[PDB]
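Single chain ahead, written as structure tokens, the form deposited in one PDB entry.
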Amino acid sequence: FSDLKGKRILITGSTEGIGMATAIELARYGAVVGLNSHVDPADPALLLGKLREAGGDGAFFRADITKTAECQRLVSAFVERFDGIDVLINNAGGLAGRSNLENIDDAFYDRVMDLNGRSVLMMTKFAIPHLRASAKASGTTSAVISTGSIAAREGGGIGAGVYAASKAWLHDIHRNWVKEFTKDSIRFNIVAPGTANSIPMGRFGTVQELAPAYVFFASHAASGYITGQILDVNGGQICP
């Protein structure tokens, strides 16, 4: 993954969990990583230290990407700082509460779909021209990676229907983006985490077991001929 050195990678929802672990793993190969959350972390400089300690660089950008204006602002701020985008990682998302169908109102639907649907759509939209520029300059490809879910495939847990559907939504919109943007040499791939006795490996995954898949999809040398794919990382929980 020597081709990740100096690559400018914007990761949404990356101050904790999978996003932060991915940021660090990418930074180990010299990536320049834009961290993001809707809230300021306790110690932003510490996160930056971990990126630089690993061998890369970066910055933290606060932005609430449930709002389209904020997606625009985040992309513009990242490009102002680093002069472009080589990889976008759509990682921000989540359940945003649980509700059986009969208790779902407009507010609940809006909340879940803004977090998991509108955010990914608009982040990607605003990143496209920068990703297009990146691939043109490098003569290789640029990349989008999005965090999917097992729930996209088998409906998710009771009360998590809208969330599950939003991930199926994501998995399929990537297929559309392959059709539109492969001509621009932009690749699109998904890492789909699982959720214990329904898991063949008999345990939940750790963030360290998720990060390498993102690194793989980020590197043109590793995955340059790979686009429109979903790699499920779930200890065998589903074998699609």
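In this text, residue numbers run from 1 along the sequence as written.
What comes next is about the form solved in complex with a small molecule, which is not displayed.
S.K.: In the deposited complex, which of 102-110, 148-156, 76-84, 132-140 comes within 4.5 Å of the small molecule (heavy atoms)?
M.R.: After filtering at 4.5 Å, what remains is 148-156.
S.K.: May I ask you to check whether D64 falls inside a 4.5 Å heavy atom distance of the small molecule in the deposited complex?
M.R.: The answer is yes: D64 has a heavy atom within 4.5 Å of the small molecule.
S.K.: Is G97 part of the interface with the small molecule in the deposited complex - any heavy atom within 4.5 Å?
M.R.: No, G97 is distant from the partner.
S.K.: Can you tell me if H38 lies within 4.5 angstroms of the small molecule in the deposited complex, counting non-hydrogen atoms only?
M.R.: Yes, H38 is a contact residue.
S.K.: Contact with the small molecule in the deposited complex for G30, defined as at least one heavy atom pair within 4.5 Å: yes or no?
M.R.: The answer is no: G30 has no heavy atom within 4.5 Å of the small molecule.
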